[PDB]
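J.: here's a sequence, model it:
(4 chains)
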Amino acid sequence: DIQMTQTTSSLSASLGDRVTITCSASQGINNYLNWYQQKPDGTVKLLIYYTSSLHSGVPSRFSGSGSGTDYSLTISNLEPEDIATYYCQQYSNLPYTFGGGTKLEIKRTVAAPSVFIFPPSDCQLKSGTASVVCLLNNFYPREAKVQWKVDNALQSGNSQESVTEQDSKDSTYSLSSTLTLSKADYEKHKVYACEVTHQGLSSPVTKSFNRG
Amino acid sequence: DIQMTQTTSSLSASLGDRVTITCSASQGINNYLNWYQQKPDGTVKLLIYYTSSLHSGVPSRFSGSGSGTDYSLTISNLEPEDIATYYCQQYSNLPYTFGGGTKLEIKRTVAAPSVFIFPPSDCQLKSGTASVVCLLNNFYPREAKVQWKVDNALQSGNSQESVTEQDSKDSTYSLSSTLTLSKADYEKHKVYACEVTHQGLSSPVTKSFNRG
Amino acid sequence: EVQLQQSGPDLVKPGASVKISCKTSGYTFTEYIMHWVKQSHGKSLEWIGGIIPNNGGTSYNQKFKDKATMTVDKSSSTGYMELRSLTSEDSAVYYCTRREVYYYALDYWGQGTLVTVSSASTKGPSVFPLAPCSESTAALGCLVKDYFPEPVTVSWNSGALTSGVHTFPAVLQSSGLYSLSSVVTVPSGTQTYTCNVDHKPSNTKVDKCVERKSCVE
Amino acid sequence: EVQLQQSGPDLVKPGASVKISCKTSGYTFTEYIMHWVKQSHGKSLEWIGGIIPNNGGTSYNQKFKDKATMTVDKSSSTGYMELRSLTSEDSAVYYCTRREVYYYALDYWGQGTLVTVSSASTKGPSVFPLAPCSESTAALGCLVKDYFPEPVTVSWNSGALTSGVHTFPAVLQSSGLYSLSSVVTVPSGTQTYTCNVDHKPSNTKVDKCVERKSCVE
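T.: Residues are numbered from 1 along each chain as shown, chains lettered A, B, ... in the order given. Shown next is the protein structure:
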């Protein structure tokens, strides 16, 4: 069956720049190509059909180009709402086939995280587990470091993290680290802190609480 | 039908004292009388049967007395566990009839209330009503005064109270006053206080909180 | 050994009918006579009737000859008593009792069954925490409000905590709905405090943790 | 106008079968062709098949000739697609789509249906508040943990609050249960903050108020 190849599966670009996502068929598909945009929530819109043709709604900074085995979608002016994975599809032959996706990041000016720490609920201590949560909010770029200290003793291999998709209004991330202790362990210690390193912080930031 | 009359329906007595609850039939019932004890929770035990006879379990500070139309239950040494409403019943004739009850208080040494005030939950403000609660704990005697001030302005006709049965270990009361405002009204004011007058307080006690 | 466990509360239609349950254990059932007692909110105790289980025979108080009707299933060790065309005057607690003969007396009582009679439909309660702001005695509770009819159970830690607890009598409000407070005093590891409300007439059970916010920045 | 609303998530037995629903509105149904698309967690998009509603005829991708089976009820404006003998390879999101002809393309997509395939039984989540201790920017959230399988919805004030919210991707734990965080930033009257969790695969809905304790003695 006709393979659709998008060799570059992750591309990042500046608000403003022209961007070009690329699609290659194994053989000629006669401009029988469509381009799909998939937002982080998972919703899938249809941008361009028959190579060059814009589905109503789509702004005219989207352009379809190409022929034969080679097709491009280009976004001329780049804006935050354009954060998505873009896919190509051919209807030249059955089965219908899709490119493996190009995930597009937006590059914007550095912005440090706001940091919040949240202690476990009393309702949680009943479980026998405690969960301390640290929140890094609206930062760019995505690269960030989070260290858990307990009573000023650095923790290891007892934390899990999670990071949002980039926001489609201000092009930032947010991040959620979760330290997990036993009730026993959580109530052997007074101080709980997360310390954050990020490009936009001239020096690290520690947020703490003091149990009891 | 045979009426059973206990003329005194509320009697209070000191830890230690002898107490005598009294029961009168409309006509001779031939020592066919039983005495029942009803605890505040509502449970109903059987103390004495055929005038003078103790149901197993009942301690021997309970005594049954009398004949004809006149019968007495006496508690010789009085203790806190004896807080109850005691009832007489006759099985002389059908229908079986019961005295209208004697509620017995215990008199003990004066003890002031501990006072706590509790502001409304945020979960409650959604309702459109706010409930501030004041708690007077483990006091004797039952007589007490609770005034709600809001921003040092004395409230009226917007509070309801409730008082426990006397405890059967330490012979005290506790009391729950509830001021009720609209969300609108509760968030027009900073200070909320209840002030308590009781015999055991040389001067009044105010507990306060400061919204925001 | 000996128990008499009664059907849970009842809200009832002014005109309806209701069969209360009294499930007995710890004695051979037919070897004892079962009586039912009424208690109106003024807390007077009236005798309603009697039933001999072995046989099924009865002797009703003539006050209730029309209203009540008693029966037994020998098998399930269980007696019942059915109020007909209920008015508001039927709104009461209803004990089931056993007769002992030494002579006669009622030596084992049910816990009772609250019956209410009203058009007003059921409403289960909202439950809110009560937690202070700022001694080795702190207080928490939780606030059970706007429910109907009258009976709610309140527990702490599923029965674990009995010392320190005071569940207050309810207050009827201008709304026509009741409202209750339950509070605990404590010594000052951080044990949790969970208040378990059960309002059977709406099948409403709630478990609310009451959070004491001790931590500081 | 035009919508395609899909059957909620599914946990499924490794060996079972499942019929997904696609309820269509805003067009005359039989005047458009319906295709189904698979998306595995690597986020590749495969075409599964097509159905003509007017007729009932089909054209399956031969990848899924054994697995999938599509049908329509003209009446309820609703197509379906049934996976047979599910393995773990069936664990995916499944979109339903409409074909437009201008030529061809898929101009309206469902939101998708997550299918999971596992022996592991359902577990709905515990939901705990996240509230700080001590700017015109404060944060709350709530913590949705130890649930299975993967999809939970999280809302704030029943949809009212969208600005400030970040619901984080879940993390699988050593337990084999997932766990999620949802947080809101706010400006600093005291509006409440209520997080509405819906875990459809266990019919678990929870509304947890997150209490900010501002008051002082």
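J.: isn't residue C:60 right up against residue C:49?
T.: Yes. Using C-beta atoms under 8 Å, residue C:60 is in contact with residue C:49, at 4.1 Å. (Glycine included, C-beta is placed from N, CA and C.)
J.: give me the common contacts of these two.
T.: Common neighbours of residue C:60 and residue C:49, using C-beta atoms under 8 Å, 6 or more residues apart in numbering or on different chains, are C:68, C:70.
J.: ok, those two, which is more surrounded?
T.: residue C:49 (23 against 20; other C-beta atoms under 10 Å in any protein chain shown).
J.: touching chain B at all, the strand or helix carrying the more buried one?
T.: If you go by DSSP states H and E, residue C:49 is part of strand C:45-51. Yes. Counting by C-beta under 8 Å from any C-beta of the partner chain, chain B has neighbours in strand C:45-51: C:45, C:46, C:47.
J.: show me which of these are buried.
T.: C:45, C:46, C:47 (16 or more other C-beta atoms under 10 Å in any protein chain shown).
J.: ok, residue A:27 - contacts?
T.: So residue A:27 contacts A:2, A:69 (C-beta under 8 Å, 6+ apart).
J.: dump the buried ones among the residues of strand C:45-51 next to chain B to CSV, plus distance to residue B:39.
T.: Below are those laid out as CSV (distance: C-beta to C-beta, whole Å):
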residue, distance to residue B:39
C:45, 14
C:46, 20
C:47, 20
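J.: how does chain C divide into domains?
T.: Annotated domains of chain C cover C:3-117, C:126-209 [automatic domain parsing].
J.: that older thread, got the contact list for the strand holding residue C:49?
T.: Residues contacting strand C:45-51 (C-beta under 8 Å, 6+ apart): B:36, B:87, B:89, B:95-98, B:101, C:33-40, C:57-61, C:63-64, C:68, C:70-72, C:79, C:81, C:94, C:99.
J.: swap in stretch C:209-217?
T.: Against stretch C:209-217 from outside (C-beta under 8 Å, 6+ apart): A:119, A:121-123, A:126, A:208-212, C:129-131, C:138, C:140-142, C:190, C:192-195, D:129, D:131-134, D:211, D:213.
J.: pick out the residue nearest the middle of chain A.
T.: For chain A, residue A:165 is the residue whose C-alpha lies nearest the centre (C-alpha atoms, centre = their mean; 3.0 Å).
J.: what helix or strand does residue A:185 sit in?
T.: Using DSSP H and E, residue A:185 sits within helix A:183-186.
J.: do that helix and chain C meet?
T.: Yes. Interface with chain C: helix A:183-186 contributes residue A:183 (C-beta under 8 Å from any C-beta).
J.: ok, back up a step: shouldn't the residue nearest to the centre of chain A be within a helix?
T.: No. Checked against DSSP: H, G, I helix; E, B strand; the rest coil, residue A:165 lies outside a helix; its state is coil.
J.: picking that back up, closest to residue A:184 among the residues of strand C:45-51 next to chain B?
T.: Nearest to residue A:184 among these is residue C:45, at 53.2 Å by C-beta to C-beta.
J.: which elements pack onto the helix or strand where residue C:98 lies?
T.: Here residue C:98 sits within strand C:92-101, counting by DSSP H and E. For strand C:92-101, the packing partners by 3 or more C-beta pairs under 8 Å, 6 or more residues apart in numbering or on different chains; DSSP states H and E come out as strand C:3-6, strand C:18-25, strand C:33-39, strand C:78-83, strand C:104-109, strand C:114-117.
J.: may I have the phi/psi pair for residue A:204?
T.: Main-chain torsions, residue A:204, degrees, to the nearest 10: phi -70, psi 160.
J.: for it, which residues are in contact?
T.: A:195, A:196, A:197.
J.: hmm, residue A:139 and the last one touching each other?
T.: This means residue A:197. No. At 11.2 Å, residue A:197 does not count as touching residue A:139 under the criterion of C-beta under 8 Å.
J.: can I assume the residue nearest to the centre of chain A is in contact with residue A:38?
T.: No. Residue A:165 lies out of contact with residue A:38 (C-beta under 8 Å); the separation is 11.1 Å.
J.: would you state the helices of chain A in chain order?
T.: A:122-125, A:183-186 (DSSP state H).
J.: highest mean neighbour count out of those?
T.: helix A:122-125 (a mean of 21; mean count of other C-beta atoms under 10 Å in any protein chain shown).
J.: does that one come close to chain B?
T.: No. Using C-beta under 8 Å from any C-beta, helix A:122-125 stays clear of chain B, coming no nearer than 13.6 Å.
J.: now what about that helix, what contacts it?
T.: Residues outside helix A:122-125 that contact it (C-beta under 8 Å, 6+ apart) are A:130-131, A:183, A:186-187, C:190, C:192-194, C:209-212, D:126, D:128-129, D:143.
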